[PDB]
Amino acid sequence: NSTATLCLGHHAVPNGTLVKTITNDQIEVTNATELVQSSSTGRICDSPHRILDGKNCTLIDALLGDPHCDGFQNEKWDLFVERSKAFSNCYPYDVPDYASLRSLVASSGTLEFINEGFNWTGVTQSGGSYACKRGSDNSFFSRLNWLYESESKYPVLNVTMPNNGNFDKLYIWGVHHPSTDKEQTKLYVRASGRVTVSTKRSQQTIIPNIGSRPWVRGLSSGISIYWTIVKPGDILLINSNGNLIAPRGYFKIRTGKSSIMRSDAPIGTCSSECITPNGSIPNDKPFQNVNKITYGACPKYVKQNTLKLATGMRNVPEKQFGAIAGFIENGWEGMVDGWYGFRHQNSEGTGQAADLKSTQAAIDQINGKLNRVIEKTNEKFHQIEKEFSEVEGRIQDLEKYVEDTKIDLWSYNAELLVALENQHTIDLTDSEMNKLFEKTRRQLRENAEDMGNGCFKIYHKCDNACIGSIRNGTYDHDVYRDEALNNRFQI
């Protein structure tokens, strides 16, 4: 009745969350947030990126001029989305090194075509075929010019076209492979043509082959698509005596944030900086498990489906007349106004208060590292291809091995970051408890003794005002020193 008891404790919660640290695989903390994004709406947000839905068309069909893809002429995009249902309805074709041409056009992000009048005098022009119906007429690829005998002759063609602008020119052209020797001489007179497109830097010579194409959409013939880039100050030189599929001009090559993605996800009305083939995902978290193929500012792909960062101290439930005990035994599920506080027992009764300074001190540290964790947007656009449909060998072996190495290294960084941050999270919250106890230990000077359970036995009368003067940093030990030393030192 001539003493009081002051106890030091920290809060606790009835649920709790398990996290990983350097030490333990499962340790229970009060709060925790998720770092790995693993869900998506399924809708690609048409904002803030220019999304161009390919619909029934691939990038190459819209490039060449397949008539059902004529809506895509001169179109521009940030992310061009190819669908699975896309399909070819013009003349049969192949593209040697298909992936590269699809890659560089996607990076340019524009189908802006500029027409150029080549001379083509001595040949007839704009040949078509019934397999490429535009409307009801027999047409052909809109950006390709198909040359063929004039007055039953077909001379050697020497045609040039300089680049005097300050900007790169992509010329798309082709070589015909007739079904029979009849079709060869009917269109080109000579038994075998030769195609040679040249610059000051490059030269592409293609010998056409006769009847070397399988049956596609009514025809055993086809055209091989090639491309040539003409830098400023350079010149295009076409040289053919047969089977030339001429360019009607060039596509302008730009450099920008543009790329291409394969996805069947619907385009919706929303805003999201990050885009996956699964759909748009938020970029609030630092890591994501949705898909390694991403466009825009996105979390980093990791193998882990979950990585929980601890945002609170160890949870130690009380699991146990009225008596009070300190942090040594357990935490306090009854303290909701703070993380650290004082439970007292004195002459006027018993009470709880929380300590604002130490609680904010811990929170400021906890939420400072959250800001350090989330400050990395890391914005990426046109990357490498990460899923493949044909067997290719050496090059995709390296293209896979690079991406797979990238993911293992970031999965390592993520696992270690969460483990270090949490081991530091638990330690800093332990430190703020101990500092508050030692701060209270030293105010009391010689007026109290440490009971061992995180509580002080104060050897003098200590009304609610005196407890307050301990909580508040205003306890004067000299006022009570005599009364305390009397009760302490009895024989």
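Each residue number is its position in the shown sequence, starting from 1.
Would you class the number of unmodelled deposited residues between residue 74 and residue 75 as none, 1 to 3, 4 to 9, or 10 or more? None; the chain is continuous from residue 74 to residue 75.
If you average the Cα B factors in the entry, which is higher, 92-100 or 372-380? Result of the comparison: 372-380.
Using only C-alpha atoms and the B-factors in the entry, which stretch averages higher, 210-218 or 157-165? Between 210-218 and 157-165, it is 210-218.
Choose from 323, 267, 290, 144 the residue with the greatest Cα B-factor as stated in the PDB record. If I rank 323, 267, 290, 144 by C-alpha B-factor, first place goes to 323.
Residue, from 37, 440, 41, 431, that the PDB entry assigns the highest Cα B-factor: By C-alpha B-factor in the record, 41 ranks first.
Hey, what third does residue 14 fall into on Cα B-factor, ranked over its chain? Residue 14: CA B-factor falls in the highest third of its chain.
Ranked by Cα temperature factor within the chain, is residue 236 in the lowest third, the middle third or the highest third? According to the entry, residue 236 has a C-alpha B-factor in the chain's highest third.
Splitting the chain's C-alpha B-factors into thirds, which one does residue 415 fall into? Within its chain, residue 415 is a middle-third residue by C-alpha B-factor, going by the deposited values.
Relative to the other modelled residues of the same chain, rank the CA B-factor of residue 193 and answer lowest, middle or highest third. CA B-factor rank for residue 193: highest third.
Where the record places residue 227 (Cα B-factor, split into thirds across the chain): CA B-factor rank for residue 227: middle third.
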